[PDB]
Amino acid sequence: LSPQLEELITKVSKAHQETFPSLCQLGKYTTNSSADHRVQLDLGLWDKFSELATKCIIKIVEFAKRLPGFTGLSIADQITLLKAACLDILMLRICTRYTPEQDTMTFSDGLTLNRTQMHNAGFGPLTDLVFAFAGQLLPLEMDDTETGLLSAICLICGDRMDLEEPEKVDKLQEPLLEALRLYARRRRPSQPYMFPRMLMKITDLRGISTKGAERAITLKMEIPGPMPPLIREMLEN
């Protein structure tokens, strides 16, 4: 029935808005750490960054638990899905927080870092790609509910590796794909290419993620002391 899809659109949307505050509703603030020029790594900036990344991972898990059906999956699958799609969601999240005019990216507590600071915070040689990915996301003018659905689709993925019940995860994903097409087309009937442009983004996203995992390999050498435990859980993929 249609009322069940509208119900799913509503739940996913609320689940996202509650685990991911919008840019416009955020109390933006700045820091003066290494804003001047690019350096290998500003450690004070990386502590605050890892701290925020860990908080986001928890918010991602929180969001995943509110997605209809996820909890019914085996606990092994739930972990497997999160493990595989966490960086992807993480990348999509910070990218929806791009303010093109100031050329900054805002975090959930309001920390607003300019490109130089993002670089010095840990992004390193991947900074510019991330920023270019966020740029090219702007033209799609997605909203909170579309980002939420898109994020769910990245998560509920049957093609993952150690799934015990891949066939069940595929069925869970089915309505999210219907839900997103129904929603995207209704909001904007004049641009029928939004849905397929959104799905194709999942591929782009997945790519900026493998580069991000790759960047975490290097970073581990540059930082004094082990990377946070939840961040490490995610990278063990």
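Numbers follow the displayed sequence, beginning with 1.
For the two regions 59-67 and 30-38, the entry's Cα B-factors average higher over 30-38. Mean CA B-factor, 218-226 versus 5-13: the higher value falls on 218-226.
When the C-alpha B-factors of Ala53, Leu182, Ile202, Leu176 are read from the PDB record, the largest value belongs to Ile202. Considering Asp109, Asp88, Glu146, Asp159 together, the PDB entry gives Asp159 the largest C-alpha B factor.
Remark: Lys211 belongs to the highest third of its chain, ranked by C-alpha B-factor as recorded. For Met194, the recorded CA temperature factor ranks within the lowest third of the chain's modelled residues.
In the PDB entry, a CA B factor belonging to the highest third of its chain's modelled residues is recorded for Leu140. Among the modelled residues of the chain, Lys171 sits in the middle third by CA temperature factor in this PDB entry.
Among the modelled residues of the chain, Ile153 sits in the lowest third by CA temperature factor in this PDB entry.
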